[PDB]
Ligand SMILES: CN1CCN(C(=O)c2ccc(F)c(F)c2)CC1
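Only one chain comes next, encoded as structure tokens, the form solved without the named molecule.
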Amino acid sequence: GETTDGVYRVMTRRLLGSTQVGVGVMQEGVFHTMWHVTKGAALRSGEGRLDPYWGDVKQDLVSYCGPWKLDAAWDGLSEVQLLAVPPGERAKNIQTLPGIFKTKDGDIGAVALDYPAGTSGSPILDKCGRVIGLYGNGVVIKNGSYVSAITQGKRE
């Protein structure tokens, strides 16, 4: 059905009413979301069907209809925009300067904005509007707030 580029909500009718379980990016005919949103299940776009094409639990990413297309990266210096799409609420851009997740295999950018778990898959953008990663996989700091990594896939 709808293949227009943009940000989309991921819904389910399996629980009470219609519940938003996550968000995703449609780019070049491919739907990009986080693995924990769909668990790799098929998606519906009106009457059409989207089937998983690539995915990986450790990266926490999944693509539908084709390979992962998003390959822009955080430059390590500039502010970014979380284009947050919260459940029941309108899409809204939030500007922030990312922090850093220091790991044994290198450093990843991290955005310290706390949003409901159903916001997982919302894109993080650079000044050019390019998607540098998705929000929804991180850690819970001492305060109770969530700090998400800027999770980016690999364009083959």
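For every residue, the number given is its place in the sequence shown, counted from 1.
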item	value
Mean Cα B-factor comparison, 53-61 or 92-100, giving the higher one as deposited	92-100
Selected stretch [higher average CA B-factor]: 109-117 or 23-31	109-117
Where the record places residue 66 (Cα B-factor, split into thirds across the chain)	lowest
Assigned third (lowest, middle, highest) for the C-alpha B factor of residue 138	middle
Entry-reported Cα temperature factor of residue 37, expressed as the chain third it lands in	lowest
B-factor third for the C-alpha atom of residue 11 within its chain	middle
Ranked C-alpha temperature factor of residue 87 among modelled chain residues, by third	middle
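Heads up, the form solved in complex with the named molecule isn't pictured, but that's what we're talking about next.
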{"query": "Accessibility of shown form to the named molecule in the deposited bound form, site-C-alpha superposition, 2.4 Å backbone/C-beta rule", "finding": "blocked"}
{"query": "Contact test in the deposited bound form: residue 99 vs the named molecule, heavy atoms, 4.5 Å", "finding": "no"}
{"query": "Proximity of residue 27 to the named molecule in the deposited bound form, heavy atoms at 4.5 Å", "finding": "no"}
{"query": "is_contact(residue 45, the named molecule) in the deposited bound form, heavy atom dist at most 4.5 Å", "finding": "no"}
{"query": "Any non-hydrogen atom of residue 31 within 4.5 angstroms of the named molecule in the deposited bound form", "finding": "no"}
{"query": "Heavy atom within 4.5 Å of the named molecule in the deposited bound form - qualifying residues of 61-100", "finding": "63, 67, 68"}
